[PDB]
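Novice:
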Amino acid sequence: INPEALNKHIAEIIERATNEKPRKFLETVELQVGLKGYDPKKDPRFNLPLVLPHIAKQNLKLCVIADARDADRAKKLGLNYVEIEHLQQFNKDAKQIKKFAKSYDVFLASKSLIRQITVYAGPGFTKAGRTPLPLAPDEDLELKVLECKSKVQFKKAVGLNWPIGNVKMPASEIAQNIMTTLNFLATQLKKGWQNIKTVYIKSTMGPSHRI
RNA sequence: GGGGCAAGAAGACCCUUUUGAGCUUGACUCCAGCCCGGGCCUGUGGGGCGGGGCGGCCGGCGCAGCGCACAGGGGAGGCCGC
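Here's what the structure looks like:
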């Protein structure tokens, strides 16, 4: 509606399945604000670290397939590459292009499998909306996957949990109280700040209540 | 008193003038006057009745399902008594 229409901030974030004390695994917070999706990086504002370097958030599956390049980077793990290249039928017909899982934070697709890369293995490789960054057949990826895990864009709000200040804090230690999480997004850029309801919430180990 | 076309008097008769005046109308172009609406002057109320801001209340089967997962969902933890 308008840039400061959500004048009241996230304020209390401790209120989900709080019950006896810990709603989630602990007093960890998955309560957050979801986005409209009008912009991917401008309106929502990709953020600088939300707090001190934290965890990959949802802890997505470790099954990235992009490219081997140098084997030692992650050969045993399979994190460097999963062998879906024997299934080379994917470009002609994408029968199992994303059938395994879309859970991984990044469905990395490199130039190794670029033969099979169109839209099924190209943009939209993971039907679930997130962002991959495969480096090159010439140089190793794996080491660099900084802008997607751990520091998560406001675009991945509807489909992911978010630590916007933990349940542990009495009252509020986010917004004005902690500016690491709230800073760049004073307002949603051109978009009116208000999106859906008071907050999306999008909780994990809790009800993802929409108000 | 026959004439001096005797004198009046820059003919009002009939024209002409890109000369007028009084009058008329249903000429052209308009103006006072009046009627008619909307504002302002110009407050304090009661309403009807919609709107209208708040302002509760509830939603919700391709369901393949553990089950009207509305979608958006999501974790494997807590506190329905999972």
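Numbered per the UniProt record's numbering, the first sequence spans residues 4 to 153, 156 to 216.
The beta carbon of each residue, even a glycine, is placed where N, CA and C say it ideally should be.
Determine whether the beta carbon atoms of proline 135 and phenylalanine 110 lie at a separation below 8 Å.
Specialist: Going by C-beta atoms, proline 135 is nearer than 8 Å to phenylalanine 110.
Novice: If you compare alpha carbons, which of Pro47, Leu34, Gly125, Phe28 is closest to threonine 192?
Specialist: With distances taken between Cα atoms, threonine 192 lies closest to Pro47.
Novice: Considering only the alpha carbon of each residue, which of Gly37, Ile169, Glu23, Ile17 lies closest to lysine 202?
Specialist: With distances taken between Cα atoms, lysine 202 lies closest to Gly37.
Novice: With C-beta atoms as the reference, is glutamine 99 less than 8 Å away from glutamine 119?
Specialist: No, these two residues do not count as a Cβ contact at 8 Å.
Novice: Report the CB separation of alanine 20 from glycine 164 in whole angstroms; it is logged as a contact under 8 Å.
Specialist: Contact flag wrong, Cβ pair sits at about 20 Å.
Novice: Go ahead and label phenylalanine 28 buried or exposed: buried means 16 or more other beta carbons lie within 10 angstroms of its beta carbon, across all protein chains shown.
Specialist: With fewer than 16 Cβ atoms within 10 Å of its Cβ, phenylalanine 28 is classed as exposed.
Novice: Using the C-alpha atoms, what's the distance from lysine 95 back to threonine 186?
Specialist: If I take the Cα positions, the gap works out to 45 Å.
Novice: Thinking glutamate 145 and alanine 77 are a contact (beta carbons under 8 Å), I'd like their distance in whole angstroms, please.
Specialist: With 8 Å as the limit, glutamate 145 and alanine 77 qualify as a contact, their Cβ atoms being about 5 Å apart.
Novice: I believe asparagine 171 touches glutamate 33 by the beta-carbon criterion, under 8 Å. Please report the beta-carbon distance rounded to the nearest angstrom.
Specialist: Not really, about 10 Å apart at Cβ, beyond 8 Å.
Novice: Here's the rule I'm using: 16 or more other beta-carbon atoms within 10 Å means buried, otherwise exposed. How should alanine 124 be labelled?
Specialist: Buried.
Novice: Is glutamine 92 helix, strand or coil when you go by DSSP?
Specialist: DSSP places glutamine 92 in helix when its eight states are reduced to three.
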